[PDB]
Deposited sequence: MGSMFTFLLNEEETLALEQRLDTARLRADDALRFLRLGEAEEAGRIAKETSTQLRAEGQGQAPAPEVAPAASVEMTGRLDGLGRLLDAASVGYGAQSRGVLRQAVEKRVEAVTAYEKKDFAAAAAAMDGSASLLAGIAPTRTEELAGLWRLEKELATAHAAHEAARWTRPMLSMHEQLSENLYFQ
């Protein structure tokens, strides 16, 4: 095809990339405890990870991108919950998955408010798998929502910053503005 190559000034994001990568490892291990029926420890890890992510932390993605990421976070939570509690709680887990199906239907219609509401419903239903650990399950869902938003903002800025530089260069070259 045809290639146009720009030389731009680097924006370094490595320490931020590693920080989100580490938060993702932490959330994964909280979910590994949930896969073993250990909601107390899963919740404690999630609370500390959320705390650390907020303490150490322009252009926002489109709402559709936010919901794509949050759907993935809900999927991770449901999959962990299903391994950890499917021996006993398939009734409640089926309800939670049904709600996630409604979230995808809303997402497909571009009704992102209904998508977000259905996803919150899905996570609330999981409280029924460990009713003495509902705060922990709620913290796991908050962490997944927080990591989804954080990754989407980093993925947005990763390409927005160079596209803005290119756009501004072409604007100067073509219109002398």
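Several segments of the deposited sequence are absent from the coordinates, namely 1, 59-65.
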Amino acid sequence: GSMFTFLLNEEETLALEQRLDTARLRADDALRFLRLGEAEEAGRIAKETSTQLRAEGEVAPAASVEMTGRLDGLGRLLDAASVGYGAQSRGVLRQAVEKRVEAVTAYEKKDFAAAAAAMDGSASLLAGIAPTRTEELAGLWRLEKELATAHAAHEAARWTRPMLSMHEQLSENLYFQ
From here on, numbers count along this sequence of modelled residues.
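Per-stretch averaging of Cα B factors for 60-68 and 35-43 places 60-68 on top. Taking the mean C-alpha B-factor of each stretch as recorded, 69-77 and 87-95 are not equal, and the higher mean is that of 87-95.
In the deposited entry, the Cα temperature factor of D28 sits in the bottom third of values across the chain's modelled residues. Ranked by Cα temperature factor within the chain, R54 sits in the highest third according to the deposited record. Looking at the C-alpha B-factors along this chain, the one for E108 belongs to the highest third.
Compared with the other modelled residues of the chain, the Cα B-factor recorded for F6 ranks in the middle third.
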